């Protein structure tokens, strides 16, 4: 039967695939690094190779070239998390990030603005340590928020919105400021989306999300966290 060599350092991704392959009549062998991959290919061969692009020691890039050097027969499919391809282009090209295209222009602008303010660090924007305002605490470097207890998923946009409001506690931020920061650039329907997001935060942060007293609207101006 067709032989699949799975080269993968996450046992919990590899084992279920290996299970399914086997129940479907394929042979599957799982190995966890480049040396073990090359030894097993030489021992037994493989018809299909599924290759983790980021491995400890010998890079997946080098494993791939070495397998291909041995035979033109095997199908070799390289696999990577967003975070692994980001690491690989850093090590291999000196790139700061990899992004799959078509991508939202505005979202890319929001990421550019973030880089320029050293986004994701407590020590950015002349601050230090965890942000606090009323019962809300935000650990920016760890990406966690509590409202006494740890507050559930904040989707990314809600987190960014709250961070920007907490960093400017007691001061009004305008719709334009808030939109540029969280969504990147102004766009059709942005004011409504901002308000939906403010209301979602309110339901997670406020004693009564109906008459809010912490995340308030400043009519004609924008929003403020007191």
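Positions refer to the first chain, counted from 1.
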{"query": "Between 210 to 218 and 17 to 25 (mean CA B-factor, as deposited), the higher", "finding": "210 to 218"}
{"query": "CA B-factor placement of residue 107, once the chain's modelled residues are sorted into thirds", "finding": "lowest"}
{"query": "Assigned third (lowest, middle, highest) for the C-alpha B factor of residue 193", "finding": "middle"}
{"query": "Chain-relative CA temperature factor third for residue 55", "finding": "highest"}
{"query": "Ranked against its chain, the third holding the CA B-factor of residue 135", "finding": "highest"}
{"query": "Ranked against its chain, the third holding the CA B-factor of residue 87", "finding": "middle"}
